[PDB]
Amino acid sequence: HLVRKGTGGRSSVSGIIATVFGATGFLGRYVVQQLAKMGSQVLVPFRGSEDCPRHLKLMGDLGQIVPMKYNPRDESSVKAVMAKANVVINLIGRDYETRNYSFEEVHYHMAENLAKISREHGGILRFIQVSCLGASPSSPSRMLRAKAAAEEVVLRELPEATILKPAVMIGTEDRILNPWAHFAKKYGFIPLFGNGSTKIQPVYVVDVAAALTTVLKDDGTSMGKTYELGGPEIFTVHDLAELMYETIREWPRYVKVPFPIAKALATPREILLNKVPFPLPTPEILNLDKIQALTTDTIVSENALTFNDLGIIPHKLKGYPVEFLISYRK
Amino acid sequence: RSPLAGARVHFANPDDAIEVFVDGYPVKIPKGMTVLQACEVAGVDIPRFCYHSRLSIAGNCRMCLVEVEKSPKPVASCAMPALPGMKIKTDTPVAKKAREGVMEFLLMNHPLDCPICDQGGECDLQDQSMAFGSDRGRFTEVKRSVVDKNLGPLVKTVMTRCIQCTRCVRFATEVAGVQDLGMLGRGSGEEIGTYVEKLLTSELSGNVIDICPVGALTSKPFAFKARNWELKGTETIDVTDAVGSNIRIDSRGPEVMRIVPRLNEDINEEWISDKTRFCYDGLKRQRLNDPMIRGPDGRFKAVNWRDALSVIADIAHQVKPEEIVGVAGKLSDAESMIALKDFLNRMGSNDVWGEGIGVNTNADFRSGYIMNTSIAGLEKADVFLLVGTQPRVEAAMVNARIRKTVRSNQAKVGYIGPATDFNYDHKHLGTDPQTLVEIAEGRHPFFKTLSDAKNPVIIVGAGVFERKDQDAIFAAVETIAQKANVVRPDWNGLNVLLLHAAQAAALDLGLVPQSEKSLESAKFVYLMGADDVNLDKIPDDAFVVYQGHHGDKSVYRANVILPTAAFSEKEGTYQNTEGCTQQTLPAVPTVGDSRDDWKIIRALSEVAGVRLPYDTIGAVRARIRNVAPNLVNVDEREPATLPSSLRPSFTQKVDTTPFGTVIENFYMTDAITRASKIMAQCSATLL
Amino acid sequence: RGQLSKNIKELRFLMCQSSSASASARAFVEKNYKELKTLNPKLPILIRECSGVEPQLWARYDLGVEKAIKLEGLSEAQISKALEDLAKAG
Amino acid sequence: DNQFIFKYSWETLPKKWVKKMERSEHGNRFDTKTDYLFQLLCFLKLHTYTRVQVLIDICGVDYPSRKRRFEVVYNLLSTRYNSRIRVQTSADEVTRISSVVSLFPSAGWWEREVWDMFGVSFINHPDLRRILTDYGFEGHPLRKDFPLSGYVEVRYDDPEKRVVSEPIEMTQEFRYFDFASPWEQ
Amino acid sequence: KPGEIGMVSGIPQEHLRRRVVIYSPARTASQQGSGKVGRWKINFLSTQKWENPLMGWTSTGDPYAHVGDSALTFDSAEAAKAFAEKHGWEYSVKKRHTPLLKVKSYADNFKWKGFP
Amino acid sequence: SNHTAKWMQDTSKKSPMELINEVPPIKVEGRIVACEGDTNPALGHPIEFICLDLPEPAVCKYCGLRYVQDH
Amino acid sequence: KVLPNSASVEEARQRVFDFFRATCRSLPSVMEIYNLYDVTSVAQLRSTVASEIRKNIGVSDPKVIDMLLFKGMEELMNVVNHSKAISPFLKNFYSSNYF
Ligand SMILES: NC(=O)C1=CN([C@@H]2O[C@H](COP(=O)(O)OP(=O)(O)OC[C@H]3O[C@@H](n4cnc5c(N)ncnc54)[C@H](OP(=O)(O)O)[C@@H]3O)[C@@H](O)[C@H]2O)C=CC1
Ligand code: SF4
Ligand code: SF4
Ligand code: FES
Ligand SMILES: [Zn+2]
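Protein chains in written order, with the entry's author numbering: chain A9, 48 to 377; chain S1, 58 to 744; chain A2, 4 to 93; chain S3, 2 to 186; chain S4, 26 to 141; chain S6, 31 to 101; chain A6, 9 to 92, 118 to 132.
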């Protein structure tokens, strides 16, 4: 049992040692900040450059944020990283492929390895794994299918594991609103995909982090549950684009390219990546996996547990979450 | 010109007040009071090394020298009596030169080991040297050296630092009552201690290090742990004994570092017992810090306060309210005890009792169950009759005050009870309530002494409470009082010497058991830190919840364990045998997620069906005022004017069983004391 | 009178050592405590005296139900009648 | 030294406002009432034989025991006659004392500093905004009851992308060492 | 009014309602000097100190951890009560214990025992 | 032992306790000694005078060196 | 500009009214300063300011009233310059011992 030894805030104990795999990403910043604000110790395992977790160093007290260099393909290195861990958080996953890492390798195999190591190390009390909202075995997107398989194998190997399924997350370092704003500023228009009639439930990233913190603080009510996380109201892609354009105070402009030609445009990247030995530019917008995910709606199923069941209301996406887009005005 | 330290002068009679001049300003002083105290009244303090207010007078250090007019030589302030119209001066060049020379002579052989000396910043030699002595040293020859002495597991001795003030030689003679320490030798090199290897052993032996001005005698458990300036001192009281002696707890951070006495003329002048002084060590061992539940396998699993309270409430609701019993521990504040009583009563049970309370105890008279004479009255007493009590092992400060009275005026003290060793030449009258009845009937020379001796005192031990014939015992004692004029309109000599801190407050709140089979005919047991409740009596198929701070004896039987705060971590009201009620103060943070006793009682009540009407300690003390208003007058003694002679007697004869030793160790009596490693060492060595 | 223990679980008197208002309560508590404790032994009849508290009588019945009555302006007979009423109201 | 214009002032100054005077080698001292401080400083600045025409500084001292805890001290200098003088008054938290910005223009920043550190407000200050502490500071740091480490501390909050202010949670608490000797009195 | 000064002093409202203890620190038992007595202190009962996980230091979170013992020294209990009432926090004054002077004599040190 | 392991974790080099136990006692003819720390009094510790009537070696309490009387 | 202490309750009331006027006129500037237009409710902000003034009625000393108004004007300038069922007892009990 974790024991709290302080009032709270910075320079406390909170009795939690959380190893946050994938803490250098978009959500890693917020989850590590929340954990360090709790007063807990955060082990940040970083893959490559030594300056990747640099910012994560400043959000915790002295010695609370510990960066560890590892090899994701090294079981011994993963075990060494998870040696002092008390709870484990998994955020590892990339929106695209690379000649080294495919969708299956970056999500399913890594989730299986993390679950196996957590099961072997009996000191782990909580295992919170993050996937996508549309992660289903029948989902058209390969990445969504891989995340669904990863969540299934995490449940199978480690029943004492909570699975969060947030929808698309917007924030200062998001990968949808920022590319849309950059495209709008550079070319004066943004490409809608299948006339933008599909619907999503974008969710605020600090809200997702607070949801994860509440899941960690649960008194044993969510040991083996899956929590679907979404925004207050359903936004169509066109509505989200209009909100973005209103926030930047620019005139909206759309082309609404059809799905077949969009898939044709995004197709050559995969074959080129599998062929050439040098890396290709990452697809910020023209991503075949993003197209495949956009083929079907990604909203809450009304059956699985949501923000209301967890205990925190989602934030409306007009003014608090989109305040970062002001820097994009003029 | 206020007196030094705000001191109040005691005039034997207003007629006797001579006018003595100190530094030009005249003051009124009693006749026999000395020059040092004359200047103390005037408001100026004089350096002193071999003078203690409680101890006798000796001119060992010769440093309290002042210039009195019409006198060729400087006179010792601590010894010269004050005469009418005497012109005393302390700031003259003669006095300053005398002080400087005496300081130089004191420091000419003092070792240069202040940095390793544990008296850094609290050494009278250092402060008086920096205030009155010179800033240089003319001595550069060979010093003197003394080998160290082994004086027990409490007093570490570095005899090179001793200035031979004989303050501890006459302390063991006068206050402690055991004559082992002595000044043996002659000349510049004279040693102090025992000729043979004799570890000093006494209840007050801890005070020897306190009065040593230099770091010659120091607390061994606190050998080199910390300095003085680091420690923050909180003024609190002690719970190991029922004296309620005032203490100061010095702590450095989250842990208690030492315990020292503090002045309270009504309870303990400046002294402290070994158990009280060294009980701090047990506060860091075997300390419960998490609510726990005993699973089916018999091992404890740590759970949340919510889960623990929920399971306790469910089990309490499951059983019928008739077989529900509540036991208050040896140490417990009135807030926790009243909260426990209210919770159990609202659960439908009337079986709440405190530790050390008999089945049939007439707790309806405070004059019946407290020390009516008070400690000052014990000072004023002339003859003592100690029945069923051994003050040397319980209420060591009361024993010290009895010894002081015996020394001050020859008191014919008679003792009835088990064989024991005293230090004030007692007379062993007998070992039997039958002998007590003989004294009551009046066919006894000690009854004759009590009858023809003014100001008599009869002290009944609180171990009589556990007896079945306590009503007959108290009837006999009341007969003694009636036929010896012990209870007078201006003097009350009846006293009951309680031996537990929570006993007085428990009796005030009315925590008395209702049946003999109460503990062994109950299905739900609530042990409020009761580690001496005879766990084998409780049936095996009984749900036991132990609300405590140290895991000593009841944890192995409890089904649920609740961690709380000790006396040094909570603000709680206690009452002493004298009748004075006083509050402890929070010195150090609580250990783990342990809440207050009354706090967890109220939370458990709210979790259960019946919620206690109070949410703050202010409302708790309001409820305490409602039930017994004598516990809401902090540091105030409330006399009980109703006589104890109104209590009826139900047993017509006393039992033949002799008085037993209720306290067998004095070094392992409470939970903290038993958990104290240094006190265990003291029990092993000094017994 | 001899059946206080039938309903009352614990009786309490609270007064002052030398208050004028509590003067009438002291004789009552003396004599009546003697005679009742002669009658019913198991009943606690606790007596408490403070510096300035108003003279009052508390009766605690089962399930921890407390009823208090002020005795500041009642004579001995009135206090006895009030105690009998408290016993009967249990 | 140079106790000439001090004695001359006590000889010539009106006796109505001289509450008390101190003749010391540590500095000649005048203590007056807050009502007449402006008039007293105007007399000293303008008189031809006590020309303290330069204001050295204004200081505040906190005395929690006294009814009027704050003590406002004015150190002035006379370069023409080469001597320093001291004029002080007593003020509490709420009462406003007269300002001497009109006489000595340098007094504005010292009076703002006194406001900042203690809370003694001035009557005729052109402005009385805080000068030394952080924007939005809530307490008065130089009061004795004010804790040494303050009430709040700042840090960078990544989600807010700004430096936020939070209640103090500092590690390695201040260790107050009680060195005072019982024989010093 | 008892509390206006505190409510306008800028102290955070959460710290303006807390029980404090007003007491005169007693003389140290280690030494007999009486120059550190007669002063009165406000005892902010702030015991929330823990151990720093990295270096084992004594952390704290209460701003009033040491100010009452370090900076706030009052001339008298009346002054301390006035300060506490001005600043609004609840207070409880602890009675100070005072030594009692009695006549002592070296002649009584050498007393004569009675006849055998 | 416990104290050494509490302040040090190397447990590979020799702790100061072992070195100071390994240095032999210093035999002196006189009954009293002057313990200074090293050959230069100004670079050692405050002077400590040690009594040597007890048969066992006496620790200096500064730079503890265990002086022993000759006869 | 700072003014001498108010010698009358009517003068203190007039100063309070002037300060409330200043707050009301400076409210729309705070709108562009902070940009919380979604759930600001300028009317609710005015109501909250009035509620603060109304909870500060227990004060009766004109000096305290003037000091409070001075600090309120200072706070206004700072804001303009952009410087930011289990009963209550059981929740605190489950949280920590110090409550
Ligand atoms: N698009 C979105 O924002 C949404 C995402 N999700 C889910 O949440 C997960 C986390 O999202 P998010 O943090 O925002 O995205 P990121 O891609 O920014 O976070 C992943 C982190 O892991 C690292 N990483 C990436 N690939 C590997 C690899 N092969 N081996 C080791 N480390 C790797 C990343 O870079 P580095 O190596 O430099 O540390 C980064 O630090 C996603 O994978 C997805 O399943 C759910 C809803 C919306
Ligand atoms: S008592 Fe002596 S050895 Fe100890 S510090 Fe003081 S002057 Fe030095
Ligand atoms: S050991 Fe201490 S108290 Fe005893 S004579 Fe020596 S200096 Fe005095
Ligand atoms: S104190 Fe008087 S001679 Fe020592
Ligand atoms: Zn040495």
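Think of the CB as a built atom: it goes at the ideal place given N, C-alpha and C, for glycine as much as any other residue.
Report the partner residues of residue i according to the DSSP bridge assignment.
{"i": "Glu78 (chain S6)", "result": "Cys65 (chain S6)"}
{"i": "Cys19 (chain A2)", "result": "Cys53 (chain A2)"}
{"i": "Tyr157 (chain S3)", "result": "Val164 (chain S3)"}
{"i": "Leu352 (chain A9)", "result": "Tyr274 (chain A9)"}
{"i": "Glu23 (chain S3)", "result": "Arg30 (chain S3)"}
{"i": "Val664 (chain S1)", "result": "According to DSSP, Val664 (chain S1) bridges with nothing at all."}
{"i": "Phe68 (chain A9)", "result": "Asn137 (chain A9)"}
{"i": "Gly487 (chain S1)", "result": "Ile473 (chain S1)"}
{"i": "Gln604 (chain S1)", "result": "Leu619 (chain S1)"}
Is residue i near residue j, with beta carbons less than 9 Å apart?
{"i": "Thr462 (chain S1)", "j": "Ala468 (chain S1)", "result": "yes"}
{"i": "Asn591 (chain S1)", "j": "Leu568 (chain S1)", "result": "no"}
{"i": "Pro348 (chain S1)", "j": "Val664 (chain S1)", "result": "no"}
{"i": "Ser276 (chain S1)", "j": "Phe196 (chain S1)", "result": "no"}
{"i": "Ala280 (chain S1)", "j": "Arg309 (chain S1)", "result": "no"}
{"i": "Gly170 (chain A9)", "j": "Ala132 (chain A9)", "result": "yes"}
{"i": "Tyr77 (chain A9)", "j": "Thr329 (chain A9)", "result": "no"}
{"i": "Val215 (chain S1)", "j": "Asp205 (chain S1)", "result": "yes"}
{"i": "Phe138 (chain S3)", "j": "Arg131 (chain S3)", "result": "yes"}
{"i": "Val262 (chain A9)", "j": "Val215 (chain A9)", "result": "no"}
Rounded to the nearest angstrom, how far is the Cβ of residue i from that of residue j, given a contact under 8 Å?
{"i": "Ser100 (chain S3)", "j": "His126 (chain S3)", "result": "5 Å"}
{"i": "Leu41 (chain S3)", "j": "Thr33 (chain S3)", "result": "6 Å"}
Subject >> Contact list for the stretch 166-178 of chain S1 against chain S6, Cβ threshold 7 Å >> reply: Within the stretch 166-178 of chain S1, the residues whose Cβ lies closer than 7 Å to some Cβ of chain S6 are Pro168, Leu169, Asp170, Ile173, listed in chain order.
**OP:** Taking only beta carbons into account, state which residues of the stretch 42-67 of chain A2 come closer than 8 Å to chain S1, listed in chain order.
**Re:** Residues of the stretch 42-67 of chain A2 with a C-beta less than 8 Å from any C-beta of chain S1: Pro44, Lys45, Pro47, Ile48, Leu49, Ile50, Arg51, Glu52, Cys53, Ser54, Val56, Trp61, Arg63, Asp65, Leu66, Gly67, listed in chain order.
Subject >> Any heavy atom of ligand 2 nearer than 5 Å to the CB - residues listed >> reply: For ligand 2, the selected residues are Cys171 (chain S1), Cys174 (chain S1), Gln176 (chain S1), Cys180 (chain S1), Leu182 (chain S1), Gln183 (chain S1), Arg218 (chain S1), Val271 (chain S1), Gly272 (chain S1).
Original post:
Quick one, which residues of the stretch 167-185 of chain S3 are near chain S4 if we go by CB-CB under 9 Å, in chain order?
Top reply: Residues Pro168, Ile169, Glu170, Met171, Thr172, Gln173, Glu174, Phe175, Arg176, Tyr177, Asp179, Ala181, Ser182, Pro183, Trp184, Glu185.
Original post:
Listed in chain order, which residues of the stretch 28-58 of chain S4 have Cβ atoms closer than 8 Å to some Cβ of chain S1?
Top reply: Within the stretch 28-58 of chain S4, the residues whose Cβ lies closer than 8 Å to any Cβ of chain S1 are, in chain order, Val46, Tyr48, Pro50, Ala51, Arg52, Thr53, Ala54, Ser55, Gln56, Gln57, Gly58.
**OP:** Check each residue of the stretch 96-113 of chain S4: if its Cβ is closer than 9 Å to any Cβ of chain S1, include it; give the result in chain order.
**Re:** None of the residues of the stretch 96-113 of chain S4 has a beta carbon lying less than 9 Å from any beta carbon of chain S1.
Original post:
Relative to chain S4, which residues along the stretch 127-147 of chain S3 have a C-beta separation below 7 Å, given in chain order?
Top reply: Result list: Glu139, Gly140, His141, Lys145, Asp146.
**OP:** Could you please tell me which residues of the stretch 48-79 of chain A6, in chain order, have their CB closer than 8 Å to any CB of chain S3?
**Re:** Answer in chain order: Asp69, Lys71, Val72, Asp74, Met75, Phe78.
Subject >> Interface residues of the stretch 64-93 of chain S3 facing chain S4 [CB-CB below 7 Å] >> reply: Listed by position, the residues of the stretch 64-93 of chain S3 near chain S4 (Cβ gap below 7 Å) are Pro65, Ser66.
Original post:
At a Cβ cut of 7 Å, what residues of the stretch 353-364 of chain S1 count as close to chain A6, listed as they run along the chain?
Top reply: Going along the stretch 353-364 of chain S1 in chain order, one finds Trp362, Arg363 with a Cβ nearer than 7 Å to chain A6.
Original post:
Using a beta-carbon distance cut-off of less than 8 Å, what residues from the stretch 427-448 of chain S1 approach chain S4?
Top reply: Sequence-ordered contacts of the stretch 427-448 of chain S1 with chain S4 are nonexistent [C-beta pairs closer than 8 Å].
**OP:** Return the residues of the stretch 50-71 of chain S6 that lie within a Cβ-Cβ distance of less than 7 Å from chain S1, sorted by chain order.
**Re:** Against chain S1 - using a Cβ distance shorter than 7 Å - the residues of the stretch 50-71 of chain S6 are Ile62.
Original post:
When Cβ atoms are compared, which residues of the stretch 71-83 of chain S4 fall closer than 7 Å to chain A6?
Top reply: Only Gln73 from the stretch 71-83 of chain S4 bring a Cβ to less than 7 Å from some Cβ of chain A6.
Original post:
Along the stretch 53-66 of chain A9, what residues have a CB closer than 9 Å to any CB found in chain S4?
Top reply: For the stretch 53-66 of chain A9, which is checked against every Cβ of chain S4, the residues closer than 9 Å are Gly53, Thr54, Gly55, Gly56, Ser58, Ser59, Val60.
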